[PDB]
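For reference, input.cif is printed below; it contains mmCIF, C-alpha atoms.
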```cif
data_entry
#
loop_
_atom_site.label_atom_id
_atom_site.label_comp_id
_atom_site.auth_asym_id
_atom_site.auth_seq_id
_atom_site.Cartn_x
_atom_site.Cartn_y
_atom_site.Cartn_z
CA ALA A 2 -11.14 137.10 159.38
CA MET A 3 -11.71 138.07 155.72
CA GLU A 4 -10.28 139.82 152.65
CA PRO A 5 -9.09 143.45 152.61
CA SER A 6 -11.08 146.24 151.02
CA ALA A 7 -9.80 147.97 147.95
CA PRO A 8 -6.66 150.14 147.66
CA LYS A 9 -7.25 153.91 147.65
CA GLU A 10 -6.00 156.88 145.63
CA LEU A 11 -5.03 154.88 142.55
CA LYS A 12 -3.30 157.38 140.26
CA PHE A 13 -0.79 157.12 137.39
CA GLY A 14 1.86 159.39 135.92
CA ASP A 15 5.49 159.54 134.76
CA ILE A 16 4.40 158.10 131.37
CA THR A 17 7.55 157.30 129.44
CA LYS A 18 7.97 155.69 126.03
CA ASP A 19 7.39 152.19 127.40
CA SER A 20 6.25 152.57 131.02
CA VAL A 21 3.75 154.21 133.38
CA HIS A 22 4.00 154.75 137.11
CA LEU A 23 1.20 153.67 139.44
CA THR A 24 0.78 154.99 142.97
CA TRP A 25 -1.84 154.13 145.55
CA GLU A 26 -2.69 154.19 149.23
CA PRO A 27 -3.50 151.26 151.57
CA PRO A 28 -7.04 149.93 152.07
CA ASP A 29 -9.20 151.16 154.94
CA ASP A 30 -9.82 147.62 156.21
CA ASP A 31 -7.22 144.83 156.26
CA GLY A 32 -9.91 142.23 157.00
CA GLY A 33 -8.56 141.57 160.47
CA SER A 34 -5.25 140.23 159.18
CA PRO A 35 -2.23 142.27 158.03
CA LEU A 36 -1.70 142.79 154.32
CA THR A 37 0.87 140.77 152.36
CA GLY A 38 1.16 142.72 149.09
CA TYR A 39 -0.79 144.08 146.11
CA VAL A 40 -1.79 142.68 142.71
CA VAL A 41 -1.25 144.82 139.63
CA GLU A 42 -3.13 143.90 136.44
CA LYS A 43 -3.34 145.58 133.03
CA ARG A 44 -5.62 145.32 130.03
CA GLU A 45 -5.34 147.21 126.76
CA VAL A 46 -8.62 148.93 125.99
CA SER A 47 -9.09 146.86 122.79
CA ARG A 48 -8.45 143.45 124.45
CA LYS A 49 -10.73 141.38 126.62
CA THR A 50 -8.61 139.73 129.36
CA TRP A 51 -6.84 141.23 132.40
CA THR A 52 -3.23 140.03 132.55
CA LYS A 53 -1.34 139.95 135.88
CA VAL A 54 1.68 142.31 135.79
CA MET A 55 2.98 141.62 139.30
CA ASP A 56 1.98 140.10 142.58
CA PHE A 57 3.06 140.49 146.19
CA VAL A 58 4.05 144.11 145.66
CA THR A 59 5.09 145.57 148.96
CA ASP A 60 5.50 149.22 147.96
CA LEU A 61 2.60 151.62 147.39
CA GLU A 62 3.81 152.26 143.87
CA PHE A 63 4.74 150.26 140.80
CA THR A 64 6.23 150.98 137.38
CA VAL A 65 4.58 148.94 134.62
CA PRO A 66 7.01 148.12 131.79
CA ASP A 67 6.55 147.01 128.20
CA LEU A 68 3.81 149.33 126.97
CA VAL A 69 3.32 149.94 123.24
CA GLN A 70 3.37 153.65 122.43
CA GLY A 71 0.01 154.47 120.90
CA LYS A 72 -2.15 151.96 122.80
CA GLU A 73 -4.46 152.69 125.76
CA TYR A 74 -4.17 150.68 128.97
CA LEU A 75 -6.51 150.03 131.87
CA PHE A 76 -5.10 149.17 135.28
CA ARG A 77 -6.37 147.78 138.55
CA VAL A 78 -4.77 146.98 141.94
CA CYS A 79 -5.97 144.71 144.72
CA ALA A 80 -4.70 144.13 148.24
CA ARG A 81 -3.35 140.84 149.55
CA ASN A 82 -4.35 139.08 152.75
CA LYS A 83 -3.84 135.73 154.39
CA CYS A 84 -7.24 135.19 152.68
CA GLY A 85 -6.13 136.30 149.21
CA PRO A 86 -6.69 139.41 147.13
CA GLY A 87 -9.57 141.75 147.87
CA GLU A 88 -11.72 143.98 145.70
CA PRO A 89 -9.91 145.88 142.91
CA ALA A 90 -9.27 149.60 142.56
CA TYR A 91 -9.43 150.98 139.00
CA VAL A 92 -7.73 153.95 137.40
CA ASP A 93 -10.05 156.82 136.61
CA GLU A 94 -9.45 156.86 132.84
CA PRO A 95 -7.26 154.84 130.46
CA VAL A 96 -3.54 155.52 130.18
CA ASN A 97 -2.67 156.84 126.72
CA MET A 98 0.97 156.19 125.83
CA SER A 99 1.34 158.70 122.98
CA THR A 100 1.51 161.71 125.35
CA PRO A 101 4.76 161.32 127.33
CA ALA A 102 5.59 162.89 130.66
CA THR A 103 7.31 166.26 130.49
CA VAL A 104 8.36 169.22 132.63
CA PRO A 105 5.63 171.14 134.56
CA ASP A 106 3.98 174.35 133.39
CA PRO A 107 5.07 177.75 134.78
CA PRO A 108 3.48 178.66 138.17
CA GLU A 109 0.68 181.26 138.27
CA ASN A 110 0.09 184.66 139.92
CA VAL A 111 3.21 185.52 141.90
CA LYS A 112 2.68 188.04 144.71
CA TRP A 113 4.84 189.89 147.24
CA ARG A 114 4.45 191.37 150.73
CA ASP A 115 6.37 192.01 153.97
CA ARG A 116 9.21 193.99 152.39
CA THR A 117 12.08 195.07 154.63
CA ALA A 118 15.52 196.56 154.18
CA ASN A 119 16.62 192.91 153.84
CA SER A 120 13.76 190.54 152.97
CA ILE A 121 10.57 190.09 150.95
CA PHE A 122 7.77 187.54 151.36
CA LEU A 123 6.62 186.01 148.05
CA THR A 124 3.60 183.80 147.32
CA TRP A 125 2.54 182.10 144.09
CA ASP A 126 0.01 179.62 142.74
CA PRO A 127 0.73 176.08 141.51
CA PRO A 128 0.72 175.56 137.74
CA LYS A 129 -2.36 174.18 136.01
CA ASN A 130 -0.54 171.35 134.20
CA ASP A 131 2.23 169.40 135.94
CA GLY A 132 3.30 167.76 132.65
CA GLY A 133 2.18 164.28 133.73
CA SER A 134 4.32 164.06 136.91
CA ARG A 135 3.64 165.30 140.43
CA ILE A 136 5.34 168.58 141.40
CA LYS A 137 8.42 168.24 143.61
CA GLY A 138 8.83 171.85 144.78
CA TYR A 139 9.61 175.29 143.43
CA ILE A 140 12.64 177.43 142.58
CA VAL A 141 12.84 181.20 143.23
CA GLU A 142 15.35 183.35 141.34
CA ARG A 143 16.16 187.01 141.84
CA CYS A 144 17.68 189.43 139.33
CA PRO A 145 19.30 192.69 140.47
CA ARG A 146 18.57 195.90 138.62
CA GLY A 147 22.07 196.30 137.18
CA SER A 148 22.11 192.80 135.71
CA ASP A 149 20.18 190.10 133.85
CA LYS A 150 22.03 187.24 135.61
CA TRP A 151 19.65 185.37 137.91
CA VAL A 152 20.66 183.82 141.24
CA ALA A 153 18.81 181.07 143.10
CA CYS A 154 17.49 182.33 146.48
CA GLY A 155 18.00 179.38 148.82
CA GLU A 156 16.89 175.84 148.12
CA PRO A 157 13.82 174.17 146.56
CA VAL A 158 10.66 174.70 148.58
CA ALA A 159 7.62 172.44 148.69
CA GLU A 160 5.31 175.26 149.77
CA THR A 161 3.89 177.80 147.36
CA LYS A 162 5.49 180.48 149.57
CA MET A 163 9.01 181.63 150.42
CA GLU A 164 10.52 184.54 152.35
CA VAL A 165 13.55 185.78 150.42
CA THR A 166 16.28 186.94 152.78
CA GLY A 167 19.87 188.02 152.34
CA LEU A 168 19.09 191.21 150.43
CA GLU A 169 21.37 194.22 150.19
CA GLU A 170 19.98 197.46 151.62
CA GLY A 171 18.43 199.85 149.14
CA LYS A 172 18.78 197.75 146.03
CA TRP A 173 16.31 196.85 143.28
CA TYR A 174 15.20 193.24 142.70
CA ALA A 175 12.77 191.32 140.48
CA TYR A 176 11.74 187.72 141.27
CA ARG A 177 10.55 184.72 139.23
CA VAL A 178 9.52 181.13 140.08
CA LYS A 179 9.97 177.75 138.36
CA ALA A 180 8.15 174.55 139.26
CA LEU A 181 9.88 171.15 139.23
CA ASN A 182 8.65 167.61 138.72
CA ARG A 183 10.43 164.36 137.85
CA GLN A 184 11.89 165.42 134.50
CA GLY A 185 13.18 168.78 135.74
CA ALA A 186 12.09 172.38 136.05
CA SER A 187 9.49 174.46 134.29
CA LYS A 188 9.98 177.32 131.97
CA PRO A 189 10.17 180.20 134.48
CA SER A 190 7.03 182.02 135.58
CA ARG A 191 5.67 185.51 134.96
CA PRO A 192 8.39 187.68 136.57
CA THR A 193 7.68 190.51 138.98
CA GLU A 194 8.68 194.16 138.88
CA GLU A 195 11.82 195.49 140.53
CA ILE A 196 11.32 196.08 144.27
CA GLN A 197 13.62 197.90 146.74
CA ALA A 198 14.24 197.82 150.56
CA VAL A 199 12.86 199.82 153.59
#
```

Write the structure described by the file as structure tokens, please.
Amino acid sequence: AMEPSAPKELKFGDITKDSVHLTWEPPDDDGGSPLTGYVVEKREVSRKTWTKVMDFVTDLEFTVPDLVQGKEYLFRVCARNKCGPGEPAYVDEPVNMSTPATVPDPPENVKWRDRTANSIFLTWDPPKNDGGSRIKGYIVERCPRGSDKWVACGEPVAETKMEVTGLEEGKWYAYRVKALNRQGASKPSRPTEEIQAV
């Protein structure tokens, strides 16, 4: 038996004032022996030595503390075996601490179809910029004609599609969508026009 190959899908995000969040996927080959953990190392782009942040990580994610806002950090993860750590996986580009994580951008071109006397089927596109955190679903609001007071239609939805139901026969409705990531919900999207029943 031998050492594992390198971890996969090494990404970062959730950049705060003094931390960054690393996320990865297991290696393709364990070496013939089950893995024991992961090694997480950092190295500021203007410094020459990798320093070990943590060892024997069992999760597929790690939050690195104690980062100095306005530096740039490299990161690499390896996988642990009965034989010791395997080859390292690197982040794609340095982590820059000045730009914190925020709320996601508004979703894109909202569309509608399948209108009934009671329901409408709405689709939309994911936003371009998630704000530095992965998107955790979407929120759909509807606003009746005789009002400007929006009401959430159901619960968050991970898909970029939702069938709105519970609509009153013959009434006029416009719909808008917000995306959500870790630090909350986007400024709402480009609203639709008012649509009735059939």

Using all atoms listed in the file, which protein or nucleic acid residues come within 10 Å of region 151-161 of chain A? Drop anything in the same chain fewer than 3 positions from it, and give the result as JSON, numbers by chain. {"A": [108, 111, 123, 124, 125, 126, 127, 136, 137, 138, 139, 140, 141, 142, 143, 144, 145, 148, 164, 165, 166, 167, 168, 175, 176, 177, 178, 179, 180, 181]}

Contacts of residue 117 (chain A) at 7 Å or less, counting only C-alpha atoms, minus same-chain residues fewer than 4 places along, as a PyMOL selection string? chain A and resi 121+198-199

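For the residues A:12, A:49, A:150, A:81, ranking by smallest atom-to-atom distance to residue 26 (chain A) using only C-alpha atoms places A:12 first.
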
Enter the distance from CA of residue 74 (chain A) to CA of residue 41 (chain A), in Å, rounded to one decimal.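 So the two atoms, CA of residue 74 (chain A) and CA of residue 41 (chain A), lie 12.5 Å apart.
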
From the list A:29, A:169, A:94, A:194, which residue is nearest residue 9 (chain A) when using all atoms listed in the file?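 The answer is A:29, which sits nearest to residue 9 (chain A).
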
Choose the residue, out of A:185, A:171, A:14, A:28, that has the smallest atom-to-atom separation from residue 80 (chain A); count only C-alpha atoms. A:28

Residue among A:82, A:73, A:66, A:147 lying closest to residue 2 (chain A), counting all atoms listed in the file: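 Selected residue with least distance to residue 2 (chain A): A:82.
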
CA of residue 24 (chain A) and CA of residue 11 (chain A) are how many Å apart?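 Pair CA of residue 24 (chain A) / CA of residue 11 (chain A) returns 5.8 Å.
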
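For the pair CA of residue 77 (chain A) and CA of residue 44 (chain A), the separation is 8.9 Å.
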
Please write as a list in words the full residue list that the PyMOL selection byres ((chain A and resi 85) around 10) yields on this file. residues 3, 4, 5, 36, 37, 38, 39, 79, 80, 81, 82, 83, 84, 86 and 87 of chain A

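With all atoms listed in the file as the atoms that count, the minimum distance from residue 30 (chain A) to the choices A:88, A:45, A:109, A:195 is reached by A:88.
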
Got a sec to resolve the PyMOL selection byres ((chain A and resi 130) around 7) on this structure and send the residues as a PyMOL selection string? chain A and resi 105-106+128-129+131-132

Nearest-residue call for residue 120 (chain A), choices A:197, A:6, A:17, A:64, using all atoms listed in the file: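 Ranked by minimum distance to residue 120 (chain A), first place goes to A:197.
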
Could N, CA, C and O atoms be built for region 5-31 of chain A and written out as an mmCIF file, in the frame of the given file?
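part_28.cif, freshly written:
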```cif
data_model
loop_
_atom_site.group_PDB
_atom_site.id
_atom_site.type_symbol
_atom_site.label_atom_id
_atom_site.label_comp_id
_atom_site.auth_asym_id
_atom_site.auth_seq_id
_atom_site.Cartn_x
_atom_site.Cartn_y
_atom_site.Cartn_z
ATOM 1 N N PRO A 5 -9.170 141.992 152.461
ATOM 2 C CA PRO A 5 -9.090 143.450 152.610
ATOM 3 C C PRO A 5 -10.013 144.164 151.635
ATOM 4 O O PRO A 5 -10.456 143.607 150.630
ATOM 5 N N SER A 6 -10.300 145.431 151.951
ATOM 6 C CA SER A 6 -11.080 146.240 151.020
ATOM 7 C C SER A 6 -10.183 146.710 149.882
ATOM 8 O O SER A 6 -9.109 146.140 149.662
ATOM 9 N N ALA A 7 -10.604 147.716 149.138
ATOM 10 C CA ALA A 7 -9.800 147.970 147.950
ATOM 11 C C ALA A 7 -8.758 149.062 148.198
ATOM 12 O O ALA A 7 -8.970 149.958 149.013
ATOM 13 N N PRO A 8 -7.602 149.028 147.532
ATOM 14 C CA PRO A 8 -6.660 150.140 147.660
ATOM 15 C C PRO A 8 -7.305 151.468 147.269
ATOM 16 O O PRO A 8 -8.251 151.529 146.482
ATOM 17 N N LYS A 9 -6.766 152.542 147.831
ATOM 18 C CA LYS A 9 -7.250 153.910 147.650
ATOM 19 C C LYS A 9 -6.264 154.739 146.844
ATOM 20 O O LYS A 9 -5.094 154.378 146.682
ATOM 21 N N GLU A 10 -6.763 155.880 146.374
ATOM 22 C CA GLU A 10 -6.000 156.880 145.630
ATOM 23 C C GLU A 10 -5.086 156.235 144.573
ATOM 24 O O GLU A 10 -3.869 156.444 144.530
ATOM 25 N N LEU A 11 -5.721 155.463 143.691
ATOM 26 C CA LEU A 11 -5.030 154.880 142.550
ATOM 27 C C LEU A 11 -4.869 155.953 141.478
ATOM 28 O O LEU A 11 -5.828 156.279 140.773
ATOM 29 N N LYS A 12 -3.654 156.470 141.334
ATOM 30 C CA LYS A 12 -3.300 157.380 140.260
ATOM 31 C C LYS A 12 -2.122 156.828 139.437
ATOM 32 O O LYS A 12 -1.419 155.900 139.846
ATOM 33 N N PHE A 13 -1.913 157.426 138.263
ATOM 34 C CA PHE A 13 -0.790 157.120 137.390
ATOM 35 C C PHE A 13 -0.111 158.412 136.939
ATOM 36 O O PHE A 13 -0.620 159.513 137.144
ATOM 37 N N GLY A 14 1.051 158.258 136.317
ATOM 38 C CA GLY A 14 1.860 159.390 135.920
ATOM 39 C C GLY A 14 3.198 158.905 135.387
ATOM 40 O O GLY A 14 3.391 157.703 135.166
ATOM 41 N N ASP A 15 4.111 159.858 135.168
ATOM 42 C CA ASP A 15 5.490 159.540 134.760
ATOM 43 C C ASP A 15 5.507 158.646 133.523
ATOM 44 O O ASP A 15 6.369 157.774 133.393
ATOM 45 N N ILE A 16 4.526 158.837 132.623
ATOM 46 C CA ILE A 16 4.400 158.100 131.370
ATOM 47 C C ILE A 16 5.639 158.274 130.506
ATOM 48 O O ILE A 16 5.895 159.365 129.988
ATOM 49 N N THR A 17 6.395 157.212 130.314
ATOM 50 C CA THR A 17 7.550 157.300 129.440
ATOM 51 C C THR A 17 7.198 156.702 128.077
ATOM 52 O O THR A 17 6.023 156.595 127.709
ATOM 53 N N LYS A 18 8.218 156.307 127.318
ATOM 54 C CA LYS A 18 7.970 155.690 126.030
ATOM 55 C C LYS A 18 7.418 154.277 126.193
ATOM 56 O O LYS A 18 6.618 153.824 125.364
ATOM 57 N N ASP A 19 7.805 153.575 127.262
ATOM 58 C CA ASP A 19 7.390 152.190 127.400
ATOM 59 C C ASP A 19 6.974 151.844 128.830
ATOM 60 O O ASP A 19 6.938 150.662 129.188
ATOM 61 N N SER A 20 6.648 152.837 129.651
ATOM 62 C CA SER A 20 6.250 152.570 131.020
ATOM 63 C C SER A 20 5.267 153.627 131.506
ATOM 64 O O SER A 20 5.084 154.679 130.878
ATOM 65 N N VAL A 21 4.626 153.313 132.637
ATOM 66 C CA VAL A 21 3.750 154.210 133.380
ATOM 67 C C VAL A 21 3.977 153.889 134.845
ATOM 68 O O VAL A 21 4.377 152.778 135.198
ATOM 69 N N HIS A 22 3.752 154.876 135.693
ATOM 70 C CA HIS A 22 4.000 154.750 137.110
ATOM 71 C C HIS A 22 2.689 154.809 137.880
ATOM 72 O O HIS A 22 1.954 155.793 137.777
ATOM 73 N N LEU A 23 2.408 153.761 138.650
ATOM 74 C CA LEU A 23 1.200 153.670 139.440
ATOM 75 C C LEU A 23 1.540 153.831 140.912
ATOM 76 O O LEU A 23 2.570 153.339 141.388
ATOM 77 N N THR A 24 0.622 154.482 141.614
ATOM 78 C CA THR A 24 0.780 154.990 142.970
ATOM 79 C C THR A 24 -0.568 154.813 143.643
ATOM 80 O O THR A 24 -1.611 155.062 143.034
ATOM 81 N N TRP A 25 -0.568 154.304 144.858
ATOM 82 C CA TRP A 25 -1.840 154.130 145.550
ATOM 83 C C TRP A 25 -1.623 154.263 147.050
ATOM 84 O O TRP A 25 -0.506 154.469 147.528
ATOM 85 N N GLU A 26 -2.707 154.143 147.789
ATOM 86 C CA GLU A 26 -2.690 154.190 149.230
ATOM 87 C C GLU A 26 -3.350 152.939 149.800
ATOM 88 O O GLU A 26 -4.121 152.268 149.106
ATOM 89 N N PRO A 27 -3.029 152.563 151.036
ATOM 90 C CA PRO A 27 -3.500 151.260 151.570
ATOM 91 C C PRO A 27 -5.012 151.209 151.680
ATOM 92 O O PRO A 27 -5.684 152.248 151.611
ATOM 93 N N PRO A 28 -5.598 150.021 151.825
ATOM 94 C CA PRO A 28 -7.040 149.930 152.070
ATOM 95 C C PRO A 28 -7.416 150.318 153.496
ATOM 96 O O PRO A 28 -6.638 150.187 154.437
ATOM 97 N N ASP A 29 -8.660 150.777 153.635
ATOM 98 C CA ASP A 29 -9.200 151.160 154.940
ATOM 99 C C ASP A 29 -9.264 149.981 155.887
ATOM 100 O O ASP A 29 -8.990 150.129 157.081
ATOM 101 N N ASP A 30 -9.650 148.814 155.387
ATOM 102 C CA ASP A 30 -9.820 147.620 156.210
ATOM 103 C C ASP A 30 -8.929 146.500 155.690
ATOM 104 O O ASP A 30 -8.978 146.157 154.504
ATOM 105 N N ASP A 31 -8.107 145.946 156.581
ATOM 106 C CA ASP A 31 -7.220 144.830 156.260
ATOM 107 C C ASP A 31 -7.918 143.478 156.365
ATOM 108 O O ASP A 31 -7.314 142.460 156.015
#
```
